[PDB]
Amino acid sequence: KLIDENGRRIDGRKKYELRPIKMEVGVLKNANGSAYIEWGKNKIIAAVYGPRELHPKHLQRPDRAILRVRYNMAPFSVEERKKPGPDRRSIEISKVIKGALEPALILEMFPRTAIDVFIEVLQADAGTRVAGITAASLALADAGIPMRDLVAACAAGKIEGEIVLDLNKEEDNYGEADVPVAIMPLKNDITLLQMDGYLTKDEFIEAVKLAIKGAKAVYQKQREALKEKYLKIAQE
């Protein structure tokens, strides 16, 4: 305390300001598509393989690809070294990130295949899941995977009684609510929505609307990351 001075946050961000975000696509040689995101102190890499052969066969769906997501934090990504392994949290995040990406994907285009999304969090600082989904979309697009839209994501939250955009760790730690949202911006289709905290209906809804504005500005940044890539190939 105070996470909101007057009316500035500990890093000097205003209530509706995002942390600095940099994203880049095509950062891995092995992966079919990849994106790297630095979102505040988050440093996150996303890879996609392929659509690819799905073995065990039993897992195959006859009409469509399956999406598999693994979100993982590197041991050195958090203040207290994290034992490698997944953990309940990373498994749940993997689940909601899959559920965030799946609707953007035209999965029936590649029957019987897997699309594997990997999110490695190299440094964590609150908002890894929304920054992960954001890099994941980029990686899917980077993989040439046909998509209805990108998925852009951003968290809004409550700190010191006030609805704010894009919590950092400190703010989330001492905060009253964290509300990550992912959207497919073109149709305003919410593919991820979580709320950890305690809000009134009105608070919650303003958080979601705020988070979406944040997601929309992240979406501008994704498109620009994609444009960047298409300018790179336009050479020569």
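Start at 1 and count along the sequence shown; that's the residue number.
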Which has higher Cα B-factors on average according to the PDB entry: 195 to 203 or 38 to 46?
195 to 203
Higher-B stretch (mean Cα B-factor, as the entry records it), 157 to 165 or 92 to 100
157 to 165
Tell me which of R70, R61, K29, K209 tops the list for C-alpha B factor in the record.
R61
Ordered by C-alpha B-factor within the chain, which third holds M109? Give me lowest, middle or highest, please.
highest
Chain thirds by Cα B factor, record data; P56 belongs to the highest
How does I183 rank on Cα B-factor within its chain, lowest, middle or highest third?
middle
